[PDB]
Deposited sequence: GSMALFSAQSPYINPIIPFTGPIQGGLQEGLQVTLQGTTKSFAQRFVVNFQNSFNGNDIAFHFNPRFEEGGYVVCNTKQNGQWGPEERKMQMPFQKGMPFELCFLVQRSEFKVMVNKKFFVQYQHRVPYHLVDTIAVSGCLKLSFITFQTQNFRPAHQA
């Protein structure tokens, strides 16, 4: 049973940048409903001026895969690549990030896709940022 603390962002214009009230919290669920463009190459979801705690980057290249990473001081860390594309060009998607004690859990269309353990603490993240070849219907914030 999930309750919303923060009001959702409805039909945000891509590229979008918006604050997460009170910052990330344990148990917080961030759901993105939207659509992948028909000729999509890439899109980006960043939890983060220039320091990305968690970089979520699907790529319609080399068979289809998703990059998870962290930017610290303008430097990308080692990549954790999941060699499978859970999205589809032209098709709507549900993307769910769950903030757990030691990892983000990532769900795509109600099925687990990947986890990424925190390299920097989640508490210091107070900004979601979305860009690339997609449109969004909404972004929700829910904490049980």
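Deposited-sequence ranges lacking C-alpha coordinates, in sequence order: Gaps vs deposited seq, in order: 1 to 3, 52 to 55, 152 to 159.
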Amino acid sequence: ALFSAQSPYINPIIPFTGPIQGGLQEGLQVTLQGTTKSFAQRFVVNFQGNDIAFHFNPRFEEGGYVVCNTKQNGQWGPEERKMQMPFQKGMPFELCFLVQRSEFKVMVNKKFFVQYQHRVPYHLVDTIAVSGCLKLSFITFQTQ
From here on, numbers count along this sequence of modelled residues.
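Between 134 to 142 and 3 to 11, name whichever shows the higher mean Cα B factor according to the PDB entry. Looking at the recorded C-alpha B-factors, 3 to 11 comes out higher on average.
Do the CA atoms of 73 to 81 or those of 109 to 117 have the higher mean B-factor in the entry? Result of the comparison: 73 to 81.
Sorting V99, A40, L32, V45 by Cα temperature factor from the record, which one lands on top? The listed residue with the largest C-alpha B-factor is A40.
Using only modelled residues of the chain, where does the Cα B factor of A53 rank: lowest third, middle third or highest third? For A53, whose C-alpha B-factor we compare with every modelled residue in the chain, the answer is the middle third.
Lowest, middle or highest third of the chain for the C-alpha temperature factor of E103? Lowest third - that is where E103 ends up once the chain's C-alpha B-factors are sorted.
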